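*Asks:* Handing you this structure, nothing more for now.
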Amino acid sequence: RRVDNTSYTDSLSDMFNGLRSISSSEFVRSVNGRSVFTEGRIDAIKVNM
Amino acid sequence: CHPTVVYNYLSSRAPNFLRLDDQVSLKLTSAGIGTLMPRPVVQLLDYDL
């Protein structure tokens, strides 16, 4: 589908963008030597293939 | 008519189990303002003759 003046997207991609991106950094987060994960849970698309 | 139209026509004609080739679809759907192309028509004759 047409998004704006010069760009298009596609229902699958369009759905992928709807996901929250968790900074690379936040994954390797650590506190006093122990890795910790303060972030929530990873928004994801489940593909039953 | 505008290419967009051609797409909608050809693509809705696609019989069961088929789709209009991509590249064709894209070139047609990507056309901008002011572009035009001939209307597709189904040519049927008067067999009885």
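Note on naming: chains are A, B, ... as they come in the structure tokens, residues start from 1 per chain, ligands start from 1 in the order shown.
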Could you write out, as a list in words, all the residues of chain B that DSSP marks as alpha helix (DSSP H)?

*Replies:*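 DSSP-assigned alpha helix (DSSP H) residues in chain B: residues 3, 4, 5, 6, 7, 8, 9, 10, 11, 12, 13, 22, 23, 24, 25, 26, 27, 28, 29 and 30 of chain B.
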
*Asks:* For chain B, work out the contacting residues on chain A at 12 Å, counting only C-alpha atoms, and write them as a PyMOL selection string.

*Replies:* chain A and resi 1-10

*Asks:* Quote the spacing between atom CA of residue 36 of chain B and atom CA of residue 11 of chain B in Å to one decimal place.

*Replies:*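 Straight-line distance from atom CA of residue 36 of chain B to atom CA of residue 11 of chain B works out to 17.8 Å.
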
*Asks:* What does the structure give for the distance between atom CA of residue 45 of chain A and atom CA of residue 12 of chain A, in Å to one decimal?

*Replies:*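 Computing it gives 10.1 Å between the two atoms.
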
*Asks:* Taking 6 positions as the minimum chain separation for residues in the same chain, which residues sit within 12 Å of segment 12-17 of chain B when counting only C-alpha atoms? Answer as a CSV table (one decimal) with C-alpha atoms, in the first residue's frame.

*Replies:*
```
chain,number,residue,atom,x,y,z
B,5,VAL,CA,-6.8,1.3,-12.6
B,6,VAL,CA,-5.2,-1.2,-14.8
B,25,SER,CA,1.9,-5.3,-10.2
B,40,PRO,CA,-7.5,-3.0,-20.7
B,41,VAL,CA,-10.6,-4.4,-22.4
B,42,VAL,CA,-11.9,-7.9,-23.2
```

*Asks:* Rank B:18, B:49, B:1, B:10 by their smallest atom-to-atom distance to residue 34 of chain B, using only C-alpha atoms, and report the top residue only.

*Replies:*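 Looking only at the distances to residue 34 of chain B, the closest residue turns out to be B:1.
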
*Asks:* Please list as an NGL selection string every residue within 10 Å of residue 40 of chain A, counting only C-alpha atoms and excluding residues in the same chain fewer than 3 positions away.

*Replies:* :A and (22 or 37 or 43)

*Asks:* Only C-alpha atoms, please: the residues just picked out, written as an mmCIF file, in the first residue's frame.

*Replies:*
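Result file is part15.cif:
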```cif
data_model
loop_
_atom_site.group_PDB
_atom_site.id
_atom_site.type_symbol
_atom_site.label_atom_id
_atom_site.label_comp_id
_atom_site.auth_asym_id
_atom_site.auth_seq_id
_atom_site.Cartn_x
_atom_site.Cartn_y
_atom_site.Cartn_z
ATOM 1 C CA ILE A 22 14.639 -2.999 22.817
ATOM 2 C CA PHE A 37 17.145 -7.417 32.517
ATOM 3 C CA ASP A 43 7.228 -7.795 21.605
#
```

*Asks:* So which bits of chain A end up strand (DSSP E or B) when you DSSP the backbone, as number ranges by chain?

*Replies:* A: 2, 8, 30-31, 34-35

*Asks:* State, in Å with one decimal place, the distance from atom CA of residue 26 of chain A to atom CA of residue 46 of chain A.

*Replies:*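 Atom CA of residue 26 of chain A sits 22.6 Å away from atom CA of residue 46 of chain A.
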